[PDB]
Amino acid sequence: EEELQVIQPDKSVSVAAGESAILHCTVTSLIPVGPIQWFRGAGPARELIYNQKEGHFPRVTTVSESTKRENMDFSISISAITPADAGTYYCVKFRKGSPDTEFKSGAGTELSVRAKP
């Protein structure tokens, strides 16, 4: 029982417009009970980018085999990137409740979008 770490190994990712962006995230524990969600930016008006619920995010796809209990990789692939996808992306653990509460967040990964490869 190590006090949970949410680890985004890359501080920044650089991608050409039209390519895919692999945003990496891993956890050291699967407790407490509650899901992993990706946001763009922090604060009240932050945008939800991905969670595991089916067909809610057609642009974002799981890079991990996340259907298995053993899985501790929550890395995602964002397809058909444009400059509008630029910003800081955060991997955030939640505790279950009515409603769910943020438990821990990663340090964030900053996506930048070149015009040409």
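Residue numbers here begin at 1 and follow the sequence given.
Between 88 to 96 and 59 to 67, the higher mean Cα B-factor belongs to 59 to 67. For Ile78, the recorded CA temperature factor ranks within the middle third of the chain's modelled residues. Looking at the C-alpha B-factors along this chain, the one for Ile7 belongs to the middle third.
Among the modelled residues of its chain, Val27 has a C-alpha B-factor that falls in the middle third according to the deposited record. Placement of the Cα temperature factor of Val113 within the chain: middle third of the modelled residues, per the deposited record. Among all modelled residues in this chain, the alpha-carbon of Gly43 has a temperature factor (C-alpha) in the highest third.
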